[PDB]
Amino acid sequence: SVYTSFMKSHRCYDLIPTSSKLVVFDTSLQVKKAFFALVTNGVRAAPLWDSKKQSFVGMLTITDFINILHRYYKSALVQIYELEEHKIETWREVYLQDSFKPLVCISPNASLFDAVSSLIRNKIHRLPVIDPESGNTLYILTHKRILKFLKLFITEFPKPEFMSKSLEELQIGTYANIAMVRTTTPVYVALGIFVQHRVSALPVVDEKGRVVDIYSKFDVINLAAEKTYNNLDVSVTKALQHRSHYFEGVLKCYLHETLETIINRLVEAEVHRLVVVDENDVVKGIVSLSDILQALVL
């Protein structure tokens, strides 16, 4: 209802920062160099410019890094040769293969409804905003950015009735076949779980099944920042120890908690999902910005 017409009222332009930086890679760049440029510039995704086609052909994200590691990694005793030799262009030739997978983008003057629609239809977390008159890329749109923007306006309209209904009563999120890793699970297995089940994060659980930590795709890039990507035999726990002093624990929610409560918790914590648990912290499911934005446009 009302949140739907809000999305249709605002162009994507309104979400764009007043001032922001954007990293572009020419397709002929070495793929290892590009992952380092993500780390040094602090951004997790870059548009890909093909100087022969004179066109934006796609995006480079951390998922590319996860895909290259899971495919070409063999042992800690040998280098991963395809990560050093591959140019972006040659990696995309290998990875894309049969899938048409053209560039998905959105105009600055398109509605927010169209952005959420594009995100869900193509099952992606980054929609680059390209201005059709100059051809320039402007900003990388995400689910977080759309939800935080909506959170700013919830006081401006009459609040719907489902905002006060519990997570249990609305059936929002995934309650079955949760992809998880143990505390001792090696990184390489987690990367494989990322490739097989396409999901943004794996909750980390102890032997009795309650979540002690969370391993996002984002945390994989620390492998690039620490240049530890050559040993993937280490456990997810050892892979997250760099975070231990500023980590306050896993953001969770229960099923009796209201959807407005959930939205505020995610917008404030600026993460992509909450872990739905029970009294004892054992994981009963996931609620993601994917689920939440999808439910608000239904």
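Basically, rigid core = biggest C-alpha set you can superpose within 1.5 Å across the two forms. Residue indices: 1-based, along the sequence shown.
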Exercise. If you line up the core and then measure how far each C-alpha sits from this form in 4 other deposited structures of this protein, which stretch comes out higher, 182 to 190 or 152 to 160?
Worked result: 152 to 160
Seminar exercise, completed: Comparing 236 to 244 to 42 to 50 by root mean square Cα deviation from the shown form in 4 other deposited structures of this protein, core aligned, the larger deviation is found at 236 to 244
Exercise. Of the two stretches 275 to 283 and 17 to 25, which shows the higher Cα B-factor on average in the entry?
Worked result: 275 to 283
Exercise. Given the B-factors recorded for C-alpha atoms, which segment has the greater mean, 243 to 251 or 265 to 273?
Worked result: 243 to 251
Problem set entry | Deposited CA B-factor, highest of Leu170, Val220, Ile193, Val129 | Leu170
Problem set entry | Most elevated Cα B-factor in the entry, residues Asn136, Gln97, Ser111, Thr185 | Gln97
Exercise. Lowest, middle or highest third: where is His256 by Cα B-factor in its chain?
Worked result: highest
Exercise. Considering only modelled residues of the same chain, in which third does the CA B-factor of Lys32 rank: lowest, middle or highest?
Worked result: middle
For this session: Going by the recorded CA B-factors, say which third of the chain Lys74 sits in, lowest, middle or highest.
Result: middle
Seminar exercise, completed: Entry-reported C-alpha B-factor of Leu150 relative to its chain, by third, is lowest
Exercise. Taking the C-alpha B-factors as the PDB entry records them, is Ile140 in the lowest, middle or highest third of its chain?
Worked result: lowest
